[PDB]
């Protein structure tokens, strides 16, 4: 029904080294029909298909797979938290506007998840205010960390305060793992580095008092919380054993916040999905696909259809019900 985890790019965008005056950016080249390359200062790193930018193609594959709504967000490599703040804000506004146009073209099939200049919180609050009031976005997508800041950093608290005030949902996506060293092999940053990033982000928001200070803030973590649903016992036990190290910014045990945030259902395995629903809750698991990248779910929702343990009310919660709750929307997409 609803896919909370899908990425989209504009059909094109200007040379960002020319626009801003320094390198490190991502561009897009239509080298042949139906395909395109993603470059970084000339060096290609991935090839994408038409479904990465063309909404016409996405709607076709959405009807084919049974998907009703896609929550569109940018590709996390575009976060650009490393750049100068004024330049990231410029890029965020470019990416957010293209999202708004794609959503208003098919308001029954798309919702928008914006991008924020997280390195400059005063600018990110303003761009969030524009994303909610003007662009009508139900939420934004942010990384699991912002340069040397984990999501516990006090500098980020005005952004959380604004998001809780604006009723702006947060989708926390892992990015900027170590790409070299020992991690330059076996696709380790994707297979292991990204789940570790999400686990760090969950712990950092819990022990940083984020969920405590902003109880109404609605957060969702990608890839089923990473390793958190399995390692929560170790984390919870460690908090109890060393409160001098873990209980200084927030005194509550991390298990208290089970049921205070969401994760997506992208775990590929039924055993992993059952533990996910068992630990996080049947009301806090949302169907996500990572469309259109191949590391995601090929048949959206097939893993939830196959679970004989879930009743039909629970399947419909993971397929679409929990997405509506996290986004703060109603059933207006028949």
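Numbering follows the first chain given and starts at 1. Here, rigid core means the biggest group of C-alpha atoms that superpose within 1.5 Å across both forms.
Engineer: Say the other structures are aligned on the rigid core; which stretch then has the higher CA RMS in 4 other deposited structures of this protein, 263-271 or 37-45?
Structural biologist: It is 37-45 that deviates more in 4 other deposited structures of this protein.
Engineer: So which moves more in 4 other deposited structures of this protein by CA, 28-36 or 49-57, given a superposition on the core?
Structural biologist: Between 28-36 and 49-57, the one lying farther away in 4 other deposited structures of this protein is 28-36.
Engineer: Highest mean C-alpha temperature factor of the two stretches 179-187 and 146-154, which is it?
Structural biologist: It is 179-187.
Engineer: Select between 119-127 and 227-235 the stretch whose C-alpha atoms have the higher average B-factor in the entry.
Structural biologist: Comparing averages over the C-alpha atoms only gives 119-127.
Engineer: Could you tell me which one of 85, 107, 193, 209 shows the highest CA temperature factor in the PDB record?
Structural biologist: Largest recorded C-alpha B-factor: 107.
Engineer: Rank-wise, by C-alpha B-factor, drop residue 16 into the lowest, middle or highest third of its chain.
Structural biologist: It belongs to the lowest third of the chain when residues are ordered by C-alpha B-factor.
Engineer: When the modelled residues of the chain are sorted by Cα temperature factor, does residue 38 land in the lowest, middle or highest third?
Structural biologist: Top third by C-alpha B-factor.
Engineer: Taking only the Cα B-factors deposited for this chain, tell me whether residue 294 sits in the lowest, middle or highest third.
Structural biologist: It belongs to the highest third of the chain when residues are ordered by C-alpha B-factor.
Engineer: Which third, lowest, middle or highest, does the C-alpha temperature factor of residue 73 belong to within its own chain?
Structural biologist: According to the entry, residue 73 has a C-alpha B-factor in the chain's middle third.
Engineer: What third of the chain, by the recorded C-alpha B-factor, contains residue 279?
Structural biologist: Lowest third.
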